[PDB]
Each structure stands twice: as structure tokens, then as C-alpha cells.
Amino acid sequence: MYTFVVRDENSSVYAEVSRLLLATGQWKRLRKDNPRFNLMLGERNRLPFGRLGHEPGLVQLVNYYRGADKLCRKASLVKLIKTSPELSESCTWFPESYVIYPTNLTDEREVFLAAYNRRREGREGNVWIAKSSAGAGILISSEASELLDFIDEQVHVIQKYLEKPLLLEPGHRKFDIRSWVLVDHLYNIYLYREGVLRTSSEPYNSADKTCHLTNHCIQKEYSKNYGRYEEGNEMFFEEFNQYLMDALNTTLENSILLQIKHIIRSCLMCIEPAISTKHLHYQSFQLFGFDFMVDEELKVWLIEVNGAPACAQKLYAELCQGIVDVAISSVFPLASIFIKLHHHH
Amino acid sequence: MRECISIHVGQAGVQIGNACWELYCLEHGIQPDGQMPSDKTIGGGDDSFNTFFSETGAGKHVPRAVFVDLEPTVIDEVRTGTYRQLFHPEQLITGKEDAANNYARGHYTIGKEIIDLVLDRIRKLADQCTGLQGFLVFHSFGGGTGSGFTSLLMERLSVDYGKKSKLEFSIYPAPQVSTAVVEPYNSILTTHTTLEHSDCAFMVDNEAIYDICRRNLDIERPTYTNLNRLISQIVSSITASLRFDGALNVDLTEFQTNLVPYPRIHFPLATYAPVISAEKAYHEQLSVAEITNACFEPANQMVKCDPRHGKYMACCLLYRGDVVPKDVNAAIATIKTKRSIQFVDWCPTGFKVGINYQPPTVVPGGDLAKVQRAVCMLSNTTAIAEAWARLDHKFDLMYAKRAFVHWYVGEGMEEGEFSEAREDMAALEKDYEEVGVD
Amino acid sequence: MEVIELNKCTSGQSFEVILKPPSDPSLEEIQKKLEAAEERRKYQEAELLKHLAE
Amino acid sequence: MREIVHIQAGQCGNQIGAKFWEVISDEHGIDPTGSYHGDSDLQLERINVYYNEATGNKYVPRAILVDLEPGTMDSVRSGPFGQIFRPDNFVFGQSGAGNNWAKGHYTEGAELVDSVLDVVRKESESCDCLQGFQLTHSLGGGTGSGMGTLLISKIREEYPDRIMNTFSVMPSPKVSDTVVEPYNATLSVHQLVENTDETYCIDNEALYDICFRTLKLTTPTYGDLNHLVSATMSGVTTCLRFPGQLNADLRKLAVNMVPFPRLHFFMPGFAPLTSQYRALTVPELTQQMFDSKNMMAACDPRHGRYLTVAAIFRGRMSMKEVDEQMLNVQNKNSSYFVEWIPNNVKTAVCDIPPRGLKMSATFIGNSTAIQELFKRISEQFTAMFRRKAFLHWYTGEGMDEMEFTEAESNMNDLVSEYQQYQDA
Ligand SMILES: Nc1nc2c(ncn2[C@@H]2O[C@H](COP(=O)(O)OP(=O)(O)OP(=O)(O)O)[C@@H](O)[C@H]2O)c(=O)[nH]1
Ligand SMILES: Nc1ncnc2c1ncn2[C@@H]1O[C@H](COP(=O)(O)OP(=O)(O)CP(=O)(O)O)[C@@H](O)[C@H]1O
Ligand SMILES: Nc1nc2c(ncn2[C@@H]2O[C@H](COP(=O)(O)OP(=O)(O)O)[C@@H](O)[C@H]2O)c(=O)[nH]1
Ligand SMILES: [Ca+2]
Ligand SMILES: [Ca+2]
Ligand SMILES: [Ca+2]
Ligand SMILES: [Mg+2]
Ligand SMILES: [Mg+2]
Ligand SMILES: [Mg+2]
């Protein structure tokens, strides 16, 4: 009879995981302040990692990786990619990004303007996007003056907007791909076989952020064609793979998924020495949400990594069961839907 | 030559002190009767080992140590132990009833009645010193005497020896060997009143020593003897520079200079390697790179914490055995390219290295195997604040209900000292977060 | 990686390696606190004896 | 040399007290004549805690025998270990207490209490460092209940800085002598709340049930009941009588077990309780030790929460396995331990086992479920007091009804105090 506590009531993924653990009859849920637990479904902010692994006679596991925020924050991700030799500034699968602190507060304002003027003089596309982790507040403009003034009005990041995205037909519309990745206590990287394409229901207009932002909330609130092409503006891999074969004469695995698996390995292997719990007094696993963008030339770009991701409604049951199987029952055995991304430890 | 006086308070301090002075005699070749054949200057001398041992006209080398305990049972072991001839009765101070795991009893009730006696005995050893560096204080956080009487002693030492340095070897409470439930109370109370009187404190969590003994020595249920022999090895590595010829950490002042840039943050993390079971007939001797790499594994630290999620302010490497500087630098260069070692922006990213050619000494018949080379790393990392966080949390749980508080109030302590001590710890936790977190 | 201040002797040697440049209460007051706590013990004991006398 | 002064008062206190000295004298190798005939130095390591050393290497128990009748103490003097007690430590009257708290506390025991205190003073003056006192008595009679609590109040007056410990036998209608036992128990409990640091609540209801349900004794006697008490008393004092690190003295035990001054009434437990040659495993000891059927207080632990727990294992066993089993019970039933007292379960191991057993475990629990015992006494008290029944036995000794009302309110406050920390 293993024990676990729940410290994030708003986690839809681990509410189901907690439900599944109780349904096995071999997991008992304790009070959220009870220290004699085997598993902690911890809170998002200020998780007390320092109090873990100090309970004699208890193997303790937590559903977050300490230090993983370096990958799951806008400014942190840009700094990590530029400063890590494993990724380098010449990283070909990440958009050219810059960390811009507001003037009311290192900073890369002059570096950003130097590259901006090169595109203006070079007759190239010079449209950038400003965003931050404190958003639901995103500005897309071709003028650098508007972008810098908007930030001054928390830390923001300015990266290149992909002016030539892959557009699904019929619709001539934008989309993004969300992949769920589970890393266990042994730092095995498991990629969920099922992804989702969060598609825009409005035609892409390169000359209004409804057709430019693929966020589900912005589509269900500001788009008048919500649910027209696919249910909930969510196209799954089976339909998308068929479309690629019919339209582009290629498969999802070859054209896109190979680059996605490469990006996931590169990011997680880079921070492995900093966050691994191989020889630590407690063990960690974490579910990640990777969001990608595909251009018209079938090149995959990494946009952001989510440290506390949700899941598609259809895929909640399968993914949450997979979390129990490989991340929880692997440490606490009871009485594949993932693709293992092999790597060197 | 400048002398150092060791003070052992409570059961943990006395028993650890007994283990350390046993190890010192083996390292310096001092027989249990106090005779040291290698010492050619009979009855005197200003050698490096004279900082810890005084000399009599008969050639006996007497430790510069004072043992204090409010209960006679533990020190009576020293009076009839193997090294009973080392000490004279003036060095051993015993009460009759202990502090009963009560900080207030050790600090106020019983401490007031014996503090003058201890200081007078300390004054006797100080009068034998031409120039006194200061004191090394061994005690536990959780015991009533180790927490209560130590804080009173540290206050008085700052009065009578204001220019002298004071260093601590403190035993952090661990439930696997703990004897009281109010140990979180005593630990915080003694930390609050000693914080401004201690220049450098080496915390040793009994949990870490317990697991190292279980993991690396194959001891199923380690005892205090198993724990103290390992602890004395770490203490010996820390104090070896004061007792042998060298240029790093040559006086107590240099410890604060090399490890404590901010006075309140004076709790360096100690990591020791290698710990090899003596029951292994043959073990592959670890290289300089392997033992140096092990200094960054939490499983070898004296306090379990993750330095990767903190920042370093200073780092000292203390090697004993067949170690040359070329191999140390080769190990350090490789470690930087593989480990997460972040320093604060206002400190250099470097290592102060000390090498003593004599390999570590193991007590015959002990649990630790002889090794060709060993290293103790002293790093001032903000990650050691995790021990404060755990300690403060347990304090908060009990104090919110005022559990066991009546025992302290009944000894004359005011309830406000609890909150005053807790607020000081809250400020201490804030100081660590400001330094090591962006 | 710079090695500085190499000191050597018979029993060992020490040095420093740099990888990157940087970017009390008086005796009177103590006695007052000890006596104040002792007085509180006496007051509490006197109250108990008063309670037992009743 | 941390000495303990033992006092046994009344019929129950002396009969149980005599068996306790009989049991521990066997464990320490002391014969009925006071001569040591053991084979281990561990027996004599802490022998001075309970025994004085006399001429001829004789070990005299530091015990004072008190009664208002000579009957029970005459039986003790003629018992197996009767000759080992100090003859001057037999302090007894002749009138008796008539199962009346007022007689023991106010009229009959008052005439005798000073002579008892003279013997206590004589024993204390020879102590190198007196820990305090342990008292064995019942709360349902007159001498152990009334005079016993009078002794405690006067001893605390003369020795305010010493620990007061009691083994208090709670009355029960199942094993009952008089209907006035709830009156005597309620009056005594308030005295214990104020003037003791540690009280082991030994419930005659639990002792009868263990003899009947578990030991399969159809007609339990007081001797059968006292056998359970002797085994329990030996176990709870093991840390005091043998070398060890945990709860080695009365004050350290009190600091570990008493988070609030009034909540110092402990539920004792013992294992094994066999009705016999089979070896008992460490997991079996731990399960029985925490089982309600092995509790001596007739309170259901699952109805309350554990404030603090002291566990003692006796015999040659695997201390590693003891730690695993102790952690297993806490981790599998953490809901019954308060979360605001971290690591409130402390475990001690002693190599020397009790007589006739290879393995034994003794349970000492400070559980809020002990309020069930006080509720039971309170209900029986009120059932009679609402009609002022049998009060004339007490008003005839000078007591007023107001003193009963205050005692009733005091115990209800104690019950409410336990309920406070059971919901926190
Ligand atoms: N490492 C180590 N820890 C010890 C030793 N002895 C006691 N401790 C720890 O110290 C704490 C209790 O403090 P003690 O030193 O035993 O108590 P004290 O200082 O004698 O003070 P009193 O309450 O008066 O007895 C517990 O957490 C023990 O685990 C020892 O020999 N070695
Ligand atoms: N460089 C870029 N080029 C093109 N589109 C971009 C872009 N950066 C962001 N976007 C668009 O903006 C949307 C929202 O950006 P982002 O992913 O940072 O928002 P968010 O973090 O609120 C959503 P999630 O938490 O699911 O990642 C993306 O889904 C994508 O459509
Ligand atoms: N366990 C036990 N209980 C007893 C014994 N003798 C009496 N009692 C209980 O004690 C109460 C009577 O008190 P008693 O000691 O006889 O009165 P006293 O001599 O005036 O103190 C009743 O509740 C009895 O059940 C005994 O030998 N063992
Ligand atoms: Ca000399
Ligand atoms: Ca000072
Ligand atoms: Ca008369
Ligand atoms: Mg996001
Ligand atoms: Mg002690
Ligand atoms: Mg009777």
C-alpha cells in the first residue's frame, strides 16, 4: 500500500492520475501536509524540494524536476539555448530570439537592433513577435520601435515571426503541434505517440491576431469559424498524417516527427546534468509539453516548452495511464503508447 | 606557533572529541600514555602539533581540550578509557543531572550554576598559550547541554576572548538516531543565540553519516561509534592544516577569510571521499580525478542537499595522500565541463587547494579501509540552507500548537524567545535566497 | 585556468587555481538575562507553593 | 546514580507493587534475601535506580509500603519477596479507608501522611541525585486513591523540582468492589492532572477483557490481572533499569511524551500475550504492540490520534528489522499520528528479555483516545451525582457537594482538552 499527496488541485492531468492511483486499490491518498508519502503531486510554484528524501524508510518520488524551469520559461529558454554549447547560438531549429528587459528595470536591446537593421537594409522579411511568460499580451509588428515601446508599457522576449508557415488546406490556415514528453526517474525520454495540432480556424493573412495565434482560448473567443474544420480546432496525428500523404506526398514521421524527436532529445539532454536525480536522495519525473511550428518547407521550429501542460480531452485517459505505468509503477510496482528516445547518459 | 583550545559540550561533543583526539594521537604518533617518541624537544617546542598538544617536563603531550557535560556518565568513559592518561582531571567537568533535552534547562537553569567553573578551567589552558588563536567547539544541536550550555559558553567566550576566533562542529538532528522530539526547538534556539558568536560552523547531519555508513561501509544499523569514527576523519581533514606544516588554512582566521565572505553565512558544506569498507579484502584505489569528482555527489556530503540549485561563495579542497597539483588541476578542468558549479558574481570561480602528503590514518580494527589518497571539500554553497528549511518547518509545525513549550517556560525562558529565534532563522533563510537565487 | 601562490614543504604543498575572474552583549547584559530567567522560575515556584498552601 | 523512590499505597497498590518488585528483582538477579546471583553485569549497571546497597552486598528496594489497614501489607511481608523490603519502610495504620476518598485524603490518611513523609525524606536524603517518585495505587478505593493523591500533593510541596510518576489503576464495573468507585476515581483524576508528570492508565476493564477474550480465562482473578500489570510495569521501566539512550530517566521521558502539561496520561501496551513455546517474529511484535487488544486502557486508538509514542523491544533481535517494522506501522497508519509533532514515535531496544520470553514489546502511547476512559468515568460519576447518591459517606467526612461539582467540571475540561488536539 503506497501513499501519495496532492498539492496542485488545478492540475487536470494529475487529478486523473490521482483518480487512477486510487482505483488500483494499492494507493492511499494522504493529507497534503502529511510528510510520510511515497509520491508527491507537487504544486507549480515553490515546490519544497529541500524537504524531499529526508524520510527514513520511504522511497519518495515527485512529479516535477527541480531546475526544469530553465527550459520552461521564455527568457530562460533563450538564455539556455544561446549559452549552452550543446545548442549554441547557431541552433538551426530555434527562431532567432532576444531577451529584452523593460526600460523601467543581461539585456540584448542593442544586439536585437543590430540584426533588425540588417534585415531592413537587406530587403528581407523583418516581422518579429514580442511575448512573455506573464501573458494569458502579444504584439506582432514589422517595426522595432513598436515592439520596444510595448515592452516598456516584466521581462519579455522578441523572436522572429515565421512569415512563411505551413498552411493546411482547405482553409489556408495556421497551426501548431503539441507533443507530450514524459521523463522518468532514470531520465528515459518517452514521447507520447499521440499529438495534437491546435489549428487556427481563420485564413492566414500576412498583411488582427486571430489567424496568427493558435491558442485555444483565442480561437474559441475571437474566431468566428471555431470548430468548422475539426472539432475544437484540434487535428490529431491520424488526420494530419493522411493530409500530408494526400497533399505533400509525405508522412508525418519523415517530414516532421523526425525533427520533433531530435529537438526533444537536444533540450532534455542539455539540462540533464543540472536536473538529474540519479544519485539524489529523492527521485523526480515530469511531464512536458513541447510546442512546435512548421514552415512551408516542412522545417520544424521550437516555440516553447511547458512545464505544467494540460492534455487533449480524447487523450487524457491514455496518457494518464501511461504516466502511472512508466513513471509511477516503475518505482512503486503494483501487485507501449510512448516512443523511447534513446540517448547517452 | 599559536595554540588552539578544543571544547567538547554534551554527549555528542564529548564522544566525537574522544574519537578525534584518538585519531590525532595516531596521526602524530602519540602513545596513549602521552609519550611522543618522534618529539625530540622534550618538555616544550613550538611545532605545528603543539597548537593542539601542550608538553610537560616528563614528555607527556597533553591535549589542549576541555570536556564539559552536565551528566557524568559520558565523561567517565574518558576518565577510564584507553587515552585516560592523556588528560588531567581539571580538563573534565561533569555535573550530576543533565539538561533533559531542554535548551532552557541547559542554558538558564543548570548553565548558570556551572558556567563560571567551565570558564575558569578554560582560563587555565589559555594561560599556557603564548598566543591563542581561539576555540573549536564540538556539540549537538538537539541535546539540552549541547544546545543550551554551548550558546551560553559562546556568549561568555566572546566577552572574555573578544579578539579570538571561534569555530563549531555541530551535529544536526536526525530522527534515525535522535533521542528527543524537541530537537528542532533546541537546534533553532541555539543557532539564534550563537549566530553572532561563531565565525565558522561545520554542520554534520547524522542522517548523511548514517547513510554513508550503511551504503559505503555495509553497516546495517550504524552506532555512534561507527558515526563518530567517520566524523573524526572529516574533522581531522579540516584541522590537519592547523596541526601540520602547510600554507593553507594555517590559523583559525584563515578559515573565515577563505570560506566566509558574509559573516552570517558561515556554514560551509563538507564532502569527503573515499569511504571504503575495511571488510573488503582488496578495493581498487580511486584516482585523484575520481575522489575529486565524488566531492560533487550529494551522497558523500555531510549534509544532504543539491549544490546544483544553489551558488558557491568559496571552495577549498583538502587532499591527504599521494596527490600532486598536476592531477588536481586535470580533475578540476574535467569537472567544470560536466558539473553545474555556479559561483556568485561577486566572487571568483576558483578553488583553494591544500595537499598533505601523509595518507589518512585509520583506527586499527575500525570500519574504514586504508586508502592511498583522500579529499575533503569545504564549499560555502547556499544549498546548505535546505537543512535550515527542514529544521524551520518542523519548528513551525510544533510551535503553532505550542507543543512542549511549557517545558522551556518552566525553566524561566520566555515564550518570546521562540518567536525571536524563529524570526532570526527566517531572516537567515532570506539571506541564503538573496545570494544564491536569481 | 591560472595556478597561483604555490607553496611547497616536506609534508605537502598548497596552491590556488582560478577558473574565472569575478563579475556583542556585555557580561552585565548576559548576567541580567540569566538572573531574569531565574527570577521567573522563583515566581512560578512561589505561585505553586501558594497554590499548595491554599 | 539517578535514584527513584517507589511508593505503593492501599490494597491494590501494594499487591501490584509487590509483584513489580518480584518481577524486576528476578530480572536483576536479586534473590528474596537481597543477595545478587546474576550472570551479567548489565543487571547491576543501573541497579541503584531502584535498589539501595547495604552491608554485605545486599540490595534493598527503595520502596515505601503504605496502607491504612495492616492486612494487605501483612500478606506482602509474608509473600515471596516479603523479606527484601526495608522493615522501617512499612508505614501502616489500623482504621482503614472504607473505599472512601475523603477518609484517605482528609481524615484517616491525614493522621498517617506525616509518618510516610518521614520515610520518604529518609530515602531521599541518601540519594545522590533523585529523579523523582513512582507511585502504584488504584483510583477506586480509599487509601491508594485518597491518601495516595494526598501524598503526591505533599511530596510535590517538599520536592517541587522532581518528577512525579504514577501507575494508576482505573475502576470498572466489570471488576468492581463498591459503587462509589466513580466518585473516588473522579476526585483522584483531578489531583493527577495537576500533580503528576506521567501517569500510566491501567484499566481493570481492559485487564479483565485481555484475560477473558485473549488469554481465555473464564474466571479471571486479581492475581491474573496483576500478572498483566507486572509485565507492563517491567516493560515501561526497562529504559530506566538498563543502559540505553532513549527515555533513560523520568524527566527525559516526560519531555518526549508530554507536549502539554495536563495531557500526561499514557496508554500502556504489552506483547506477546499468549494463553506458548512458539517464537514470535519482529513483525508480529509490532502488530500486536499497536493492536487495541494488547492495550491496558480499554480505549480504541483508532478513535483518537497519537500525540507521542514510546516503544521498547526486549530480547536479541535484528534492530534493523525493528526499525523497518516501526517505520512500516507509522507509514501505513500515518492518519492516527498527529502531523504537528514530527517524528513523535521513539523506539528503544534492550538486549535482556523478560522472564519466560525470548521476544517482548512494550507500548507507551499518549493518545487522545484516552478521553474515552475519562468519559466513561464521568458518565458513571454523573449517573449517581445527579441524584446525590452515596454522597453521605463523603459529607460525613467534612466534604461539601461543591468539591464534587468542581471535580466533575475538571475532568470534563480534561475531556474537552483531549478533543481539541484530536481535531487539530
Ligand atoms: N554523531 C553523533 N551524534 C550524537 C552522539 N551522541 C548524541 N548524538 C546526537 O545528539 C542529539 C542529542 O544530544 P546529546 O549530545 O546526546 O545531549 P546532551 O548534549 O548530552 O544534552 P542533555 O540533554 O543534557 O543530555 C541526538 O540528535 C543524537 O543523535 C554521538 O556520539 N555522535
Ligand atoms: N516565432 C513565432 N512565429 C510564429 N508564430 C509564433 C511565434 N511565437 C509564437 N507564435 C504563435 O503564438 C502562439 C502563442 O505563443 P506561445 O506558445 O508563446 O503562447 P502560450 O505560451 O500562451 C501557449 P502554450 O502554453 O500552449 O505554449 C503560438 O501558438 C504560435 O501560434
Ligand atoms: N488490577 C488490580 N486492581 C485491584 C486490585 N485490588 C483492588 N483493585 C481495584 O482497586 C479498587 C479498590 O481499591 P483498593 O486498592 O482495594 O482500595 P484501598 O486499599 O483503600 O486503596 C477497585 O476498583 C478494584 O477493582 C488488584 O490486586 N489488582
Ligand atoms: Ca616538543
Ligand atoms: Ca566575536
Ligand atoms: Ca483517629
Ligand atoms: Mg505557455
Ligand atoms: Mg547528555
Ligand atoms: Mg479493597
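Residues numbered from 1 in each chain as written, not as in the entry; some residues may be left out. Chains lettered and ligands numbered in written order. Part of a larger assembly, values for the part shown. Heavy atoms only, no water.

Deposited coordinates in this entry are attributed by the record to X-ray crystallography, at a stated resolution of 2.30 Å.

A short note on unusual backbone geometry
Using the following cut-off: Secondary structure counts use DSSP, requiring at least four H or I residues in a row for a helix and at least two E residues in a row for a strand, with both numbered from the N terminus. Working definition: with a 1.4 Å probe on protein chains only, accessible area under 20% of the residue-type maximum means buried, over 50% means exposed, and in between means partly exposed.
Between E169 of chain A and the following residue, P170 of chain A, the backbone shows a cis peptide bond with an omega angle of 0°. Along the chain, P170 of chain A falls in the loop between β8 (156-160) and β9 (173-183). With omega at -5°, the peptide bond leading from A273 of chain B into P274 of chain B counts as cis. You can see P274 of chain B is positioned in the loop between β9 (269-273) and α10 (288-294). For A298 of chain D, which is not a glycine, the phi torsion comes out positive at approximately 55°. With respect to the helices and strands, the residue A298 of chain D is situated in the loop between α11 (282-290) and β10 (306-314). Note on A298 of chain D: relative accessible area 36%, which makes it partly exposed.

Thoughts on the site of ligand 1
Convention followed: Proximity is defined per residue: if any heavy atom of the residue lies within 4 Å of a molecule or strand, that residue is considered near it. Pairs of N or O atoms are called polar contacts if they sit within 3.5 Å, as long as, within protein, a hydrogen donor faces a hydrogen acceptor (for residues adjacent in sequence, only side-chain-to-side-chain pairs). Computed with a 1.4 Å probe, the accessible areas rest on the Shrake-Rupley method; for each residue, only the protein chains presented here act as cover. All residues other than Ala, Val, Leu, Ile, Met, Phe, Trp, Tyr, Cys, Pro, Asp, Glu, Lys and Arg, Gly among them, are scored as polar; the first ten of these are nonpolar and the last four charged.
What surrounds ligand 1 is a group of 24 residues, the closest being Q15, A99, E183, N206 and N228 of chain B. At ligand 1, the nearby residues belong to more than one chain, namely chains B and D. Residue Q11 of chain B places a main-chain N or O atom 2.9 Å away from an oxygen atom belonging to ligand 1. For ligand 1, an oxygen atom lies 2.7 Å from a polar atom in the backbone of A99 of chain B. Considering ligand 1 on its own, with 640 Å² of exposed area, one finds that the protein chains cover 98% of that surface. For the shell around ligand 1, the secondary-structure elements that each account for two or more residues are α1 (10-28), α5 (144-160) and α8 (224-243) of chain B. Sorting elements by how many residues they give to the shell around ligand 1 places α1 of chain B first, with 4 residues. Among the residues forming the shell around ligand 1, the class breakdown is 7 nonpolar, 13 polar and 4 charged.

Points about the sheet that holds strand β4 (residues 61-62) of chain A
All names here are of chain A. Rules: Strand pairing is defined by DSSP finding a minimum of two bridges between the two strands.
Taken in spatial order, the 5 strands make up an open sheet running β2-β1-β3-β4-β13, and their pairing is parallel. Edge positions in the sheet fall to β2 (27-29) and β13 (283-284), since each has one partner strand and no second. Of the pairings in the sheet, the one linking strand β1 (residues 2-6) to strand β3 (residues 39-41) comprises 3 bridges and is parallel in character. Within β3, the residue paired with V6 across the bridge is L41.

A word on the environment of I189 of chain A
Relative to the helices and strands, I189 of chain A is located in strand β10 (residues 189-192). In sequence terms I189 of chain A and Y204 of chain A are 15 residues apart; their C-alpha atoms lie 35 Å from each other.

A few points about the packing of helix α13 (residues 371-385) of chain D against helix α15 (residues 401-423) of chain D
Residue and element names in this part refer to chain D. Condition: To define axes, lines are fitted to C-alpha atoms, for helices over the stretch in contact only, and angles between the resulting N-to-C directions are given on a 0 to 180 degree scale. Orientation labels follow simple angle bins: below 35 degrees gives roughly parallel, above 145 gives roughly antiparallel, 65 to 115 gives roughly perpendicular, and whatever is left gives oblique. Crossing handedness is defined as follows: a turn of the near helix away from the far one that is anticlockwise and smaller than a right angle gives a left-handed crossing, while the clockwise case is right-handed. In this description, contact between two residues means that some pair of their heavy atoms is separated by no more than 4.5 Å.
Two numbers describe how α13 lies on α15: the axes approach to 10 Å, and their chain directions differ by 150°. Here α13 lies roughly antiparallel to α15, going by the angle between them. Crossing of α13 over α15 shows left-handed handedness. Note on element contacts: α15 touches α13 through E401, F404, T405, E408, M411, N412, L414, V415, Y418, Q419 and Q422, opposite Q371, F374, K375, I377, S378, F381, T382 and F385.

A short note on the site of ligand 2
All names here are of chain A. Close to ligand 2 lie 18 residues; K160, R198, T214, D291 and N306 are nearest. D291 places a polar side-chain atom, nitrogen or oxygen, 2.7 Å from an oxygen atom of ligand 2. Those elements that provide at least two residues to the shell around ligand 2 are β6 (128-131), β8, β9 and β15 (300-306). Element by element, the count of residues in the shell around ligand 2 is highest for β15, at 3 residues. Classifying every residue of the shell around ligand 2 gives 5 nonpolar, 5 polar and 8 charged.

Description of the arrangement of the chains
Sorting the 5 pairs of chains in contact by contact count puts chains B and C at the top. The smallest C-alpha distance separating chain A from chain C is 12 Å, and no contact links them.

Here we look at the interface of chain B and chain C
Accessible area lost on assembly of the parts is the figure often given for the size of an interface. To keep it simple, the criterion reads: Here the quantity called buried area is the accessible surface, traced with a 1.4 Å probe, that two parts lose on coming together, added over both. Salt-bridge detection follows one rule: a side-chain nitrogen of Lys or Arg within 4 Å of a carboxyl oxygen of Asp or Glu.
Facing the 41 residues of chain B at the interface are 31 residues of chain C. Approximately 3000 Å² of surface area, both sides summed, lies buried where chain B meets chain C, with 59% of it carried by carbon and sulfur atoms. The tally of links from chain B across to chain C stands at 3 salt bridges. Here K112 of chain B makes a salt bridge to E38 of chain C, at a shortest N to O gap of 3.4 Å. Here chain B and chain C share 16 residue pairs in polar contact between them. Breaking the side of chain B that touches chain C down by element, the ones donating at least two residues are α3 (103-109), α4 (111-127), α5, α11 (325-336) and β11 (349-356) of chain B. The element that contributes the greatest number of residues to the side of chain B that touches chain C is β11 of chain B, accounting for 8 residues. Residue composition of the side of chain B that touches chain C, by class: 17 nonpolar, 13 polar and 11 charged. Pairing between β11 of chain B and strand β2 (residues 12-20) of chain C: 8 bridges, direction antiparallel.

With respect to the UniProt feature "binding site: Mg(2+)" in chain D
Residue and element names in this part refer to chain D. As a reminder, the rule being used: UniProt positions are given in the numbering used here, feature names are shortened, and annotations may be inferred rather than shown by experiment.
According to UniProt, the feature "binding site: Mg(2+)" maps to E69 in the numbering used here. With respect to the secondary-structure elements, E69 resides in the loop between β4 (63-67) and α3 (71-77). Taking relative accessible area as the criterion, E69 reaches 42% and is therefore assigned partly exposed. Excluding its chain neighbours within four sequence positions, the residues that come into contact with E69 are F92, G93 and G96.

Focus: the pattern of salt bridges
Note that side chains of opposite charge can pair when their charged atoms are close. All chains considered together, the criterion is met by 72 salt bridges over all chains. Here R162 of chain D ties to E97 of chain B by a salt bridge, and the two come within 3.3 Å at their closest N and O atoms. In this pair, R162 of chain D is assigned in the loop between α5 (143-158) and β7 (163-170) and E97 of chain B in the loop between β5 (92-94) and α3, connecting two distinct chains. Classification of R162 of chain D by relative accessible area gives buried; the value is 14%. Take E97 of chain B: its relative accessible area is 22%, and that puts it in the partly exposed class. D118 of chain D is the partner of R121 of chain D in a salt bridge, and the nearest nitrogen-oxygen pair spans 2.9 Å. Of this pair, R121 of chain D and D118 of chain D both sit in helix α4 (residues 101-125), 3 residues apart, which is roughly one turn of the helix. The partly exposed category is assigned to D118 of chain D, whose relative accessible area is 46%.

Some thoughts on the domain arrangement of chain A
Residue and element names in this part refer to chain A. Here is the rule we go by: Domain ranges listed in this record stem from an automatic or a database domain assignment.
What the domain assignment lists for chain A is domain 1 (1-63), domain 2 (64-95 + 164-345) and domain 3 (96-163). Here the C-alpha centroids of domain 2 and domain 3 sit 24 Å apart. When domain 2 packs against domain 3, the two sides together hide about 1600 Å² of surface, and 60% of this comes from carbon and sulfur. Where domain 2 packs against domain 3, one counts 1 salt bridge. For the salt bridge of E108 with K82, the shortest nitrogen-to-oxygen distance reads 2.9 Å. Between the two partners, domain 2 and domain 3, sit 8 residue pairs in polar contact. Among the elements of the structure, α2 (74-83) and β15 are those that each provide at least two residues to the side of domain 2 that touches domain 3. Along the lines of polarity and charge, the residues of the side of domain 2 that touches domain 3 split into 11 nonpolar, 1 polar and 6 charged.

What about the pairing of strand β11 (residues 345-350) of chain D?
The pairing of β10 of chain D with β11 of chain D spans 6 bridges and is parallel. The residue of β11 of chain D that forms the bridge with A311 of chain D is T347 of chain D.

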